[PDB]
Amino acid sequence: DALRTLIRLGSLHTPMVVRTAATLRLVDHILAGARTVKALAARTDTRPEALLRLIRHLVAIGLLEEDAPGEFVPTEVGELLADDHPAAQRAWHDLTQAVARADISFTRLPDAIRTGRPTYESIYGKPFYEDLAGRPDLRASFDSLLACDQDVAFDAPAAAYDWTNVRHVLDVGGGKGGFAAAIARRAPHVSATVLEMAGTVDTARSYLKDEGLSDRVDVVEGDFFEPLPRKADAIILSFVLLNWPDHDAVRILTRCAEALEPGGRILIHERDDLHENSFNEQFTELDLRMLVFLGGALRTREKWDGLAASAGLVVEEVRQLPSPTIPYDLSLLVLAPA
């Protein structure tokens, strides 16, 4: 049939079961020596009968399976919730850490389609980044999720750009500094500056120090809506612009253009797609998180020309690049003065 296909697609059960299995460290406790439902219940601090009801469903959707009678063991797919796995999917689905917490915003998607405005504040009391400002808790969990891949996520985009005439790089909203770090060990003559918010700057400083790069890369606390701290031959916006509606994203773009030295470029590292090619799960899954968390968006190639020009810029070239960690393709846009 395919009335079972519709029920599967509309199932709230399943993702909530995946996410509670992750929050409870379920797969980790089985691998650590929890053979029985009783031991698993002890380790997770759950009721044995209700845990068995959770594992019924974890078996049905393919994440656990019975080996011996009443003895449950992670499948290939279930093993991906192991906390030491490099894709960190367990963290990304933990209801205590920042991203899965924010997905609760989807419970009010109808509002966001009605208004075009984010849902997050109506649930948690503040807009997304102000919330993180007042919870060191989720500040740190968010930074660690997005930089879970730090050591390799930026190797490819840095390899695809020519750094020969670049003396200084500004990484605007550059996270824990990973993109600055990848450009640095790719191009030894280059120095860099990371601009980020409070919390994230201290964590960026310690990561850069621990890479051996504190002499080549500074971190500066600030606000990319105000003038940028320095001038630069290349300015990076990796996963920033999608957080903001058009007007805000043109303001950020415009501040970057003002900070560009003669001949420099701006590199945008997120995701886009030709309009006709945009009707896919990768583009939609991020575009809609951006709507509901932030009032942001992903933008098509065509829509990027419009934003570029509002900021006195042209889109010069676009490559697509694969993530080394997760099933997802990224885009690197290079923008020049018009």
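A residue's number is simply how far along the shown sequence it sits, counting from 1. Superpose the two forms; the largest set of C-alphas matching within 1.5 Å is the rigid core.
**Q** Determine, for 292 to 300 and 35 to 43, which one has C-alphas that on average lie farther from this form in 7 other deposited structures of this protein; superpose on the rigid core first.
**A** With the rigid core superposed, the C-alphas that lie farther in 7 other deposited structures of this protein are those of 35 to 43.
**Q** Averaged over C-alpha atoms, is the B-factor higher for 233 to 241 or for 73 to 81 in this PDB entry?
**A** Looking at the recorded C-alpha B-factors, 73 to 81 comes out higher on average.
**Q** Please compare 11 to 19 with 322 to 330 and say which has the higher mean C-alpha temperature factor in the record.
**A** Looking at the record's C-alpha B-factors, the answer is 322 to 330.
**Q** Report the option among 309, 294, 288, 50 whose CA atom has the maximum B-factor in the deposited record.
**A** Among 309, 294, 288, 50, the PDB entry lists the largest C-alpha B-factor for 309.
**Q** Could you say whether, by C-alpha temperature factor, residue 212 belongs to the lowest, middle or highest third of its chain?
**A** Ranked within chain, residue 212 CA B lands in the middle tercile.
**Q** Could you place residue 102 in the lowest, middle or highest third of its chain by Cα temperature factor, using the values in the record?
**A** According to the entry, residue 102 has a C-alpha B-factor in the chain's middle third.
**Q** So where's residue 156 on the chain's Cα temperature factor ranking, which third?
**A** Lowest third - that is where residue 156 ends up once the chain's C-alpha B-factors are sorted.
**Q** Among the modelled residues of this chain, does the Cα B factor of residue 39 put it in the lowest, middle or highest third?
**A** According to the entry, residue 39 has a C-alpha B-factor in the chain's highest third.
**Q** Test of reading the entry: by CA B factor among the chain's modelled residues, which third contains residue 192?
**A** Tercile = lowest for this residue's CA B-factor.
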